[PDB]
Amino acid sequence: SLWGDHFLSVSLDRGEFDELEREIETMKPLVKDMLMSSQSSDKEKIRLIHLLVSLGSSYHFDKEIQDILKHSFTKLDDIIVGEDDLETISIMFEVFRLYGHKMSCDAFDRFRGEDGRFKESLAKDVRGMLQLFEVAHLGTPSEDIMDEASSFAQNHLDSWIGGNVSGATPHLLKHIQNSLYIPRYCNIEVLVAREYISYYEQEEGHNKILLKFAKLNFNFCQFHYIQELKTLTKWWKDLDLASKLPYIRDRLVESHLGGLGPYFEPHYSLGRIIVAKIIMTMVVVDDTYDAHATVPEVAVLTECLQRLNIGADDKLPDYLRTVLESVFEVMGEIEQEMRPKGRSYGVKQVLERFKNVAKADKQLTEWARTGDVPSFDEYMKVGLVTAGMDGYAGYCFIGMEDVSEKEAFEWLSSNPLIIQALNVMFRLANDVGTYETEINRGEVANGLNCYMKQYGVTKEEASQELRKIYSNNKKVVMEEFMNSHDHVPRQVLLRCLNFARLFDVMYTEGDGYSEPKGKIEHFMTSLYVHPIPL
């Protein structure tokens, strides 16, 4: 409903698609030559890899990059001997950790005096401190120093921004402003890329090949996004739930963003469409678990989602029948689609995993219906189930032909700690961010309200407490992401890391949280409407 119409009618010239692809293919060997150069050091190769990451362009060379870093990491102690450049050490820290190599925080010892810890002379180094700030979001639970580093960097950068010399380099100033407001690893890959392109263009001595490559890459990525939204909108319109149901929310863009966060690349296009269809469908189910549904209505709804059928008829009312029918028809359809691609098992798991979510949803509704506000601790035992991150991860795997159904869904039902930590991040981010919407519906049982009631604290203070629980679990996600490398396929692990980054994007608001719709409006047109001028 009105970005709907927009994408329904936007003109997508296939000729332009083809030309973008062609020019990307043509430039690719030149960029790969840069990576494989015998003439550059390990250090220079890491700088390049960082730049490719920054520009959303590393995935074209993932094989080569992973191998370069696997070798380079074994020589890491050697490489940093005598390396006292803050930006360099910090760039290395980002790259190895992003790639599942736990570079030690001891590398930062050299920038620390004997105390406070971080050296005050690290302030002529504005570029170095920017990267230090950035990598302060790549900590492990035990790594207390990162939080020290985050504060150090922010304070001194804030002072630099405030104004003397700041002005003399506007483009740099703006970039640092953007980073402090939205840290790279509190942002999603493609938006990081879109902004870095603008920054890098203004950098004296920027590589012209890499810049152009990055622009072509973004425009090509964006073409897929617009086509995906076009496809989604047509599909949603045909389904026509708006006719048969009174309360259909507008979740088109948010739902696409629900696939784009997890993976931005062109080859996960199908994966994004599948994830977006499932999310848009499950929103309607979620909306149906409403305090204003009666005890019998929710009992029968929940039972039908246990049986995965279609009443019988010994059953209930029209709009609810319509919801159950639609969910089963959509999942049945998606399963039919993926069957030739050998992915029907994964589609089947969607409603299998939702079974316990429905049961949990039933309890939330009972609380909401009677106006019971449980303790925050009792709430969370139910809330972590409704968060369903094992379900969400499952949605993303369906469209990934580079992921064995057997390994992925085996991993998932082993209940990985990382899916457990993501459940906490989502549940808390969602409940705080959508609070006033929750209160204006009858949904009085939520993480914020339950915390406020337990500790007699105010909305603001509760919020700040939940934030800290969120940050702890984010650090857990990072640790699990690194730890699980060479045990769990990297393409699986990156979805998980990207869930964390997407949740920051959508719900965090300074010290946070807020509704996704307002955050999306900030980057809507840059992502989904306007291409980069070539």
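One rule holds for the numbers: they count along the sequence shown, beginning at 1.
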Fill in: Mean Cα B-factor comparison, 213-221 or 432-440, giving the higher one as deposited
432-440
Worksheet entry | Between 155-163 and 446-454 (mean CA B-factor, as deposited), the higher | 155-163
Discussion item. Using only the C-alpha B-factors in the record, can you name which of 483, 39, 26, 66 has the highest?
Written reply: 39
Worksheet item: Per the entry, which of 409, 200, 345, 236 tops the list for Cα B factor?
Response: 409
Discussion item. Using only modelled residues of the chain, where does the Cα B factor of residue 472 rank: lowest third, middle third or highest third?
Written reply: middle
Worksheet item: Can you tell me which third, lowest, middle or highest, the CA B-factor of residue 131 falls into for its chain?
Response: middle
Discussion item. Quick check for you: using the entry's CA B-factors within this chain, is residue 19 in the lowest, middle or highest third?
Written reply: middle
Worksheet item: Can you tell me which third, lowest, middle or highest, the CA B-factor of residue 490 falls into for its chain?
Response: middle
Worksheet entry | Assigned third (lowest, middle, highest) for the C-alpha B factor of residue 81 | highest
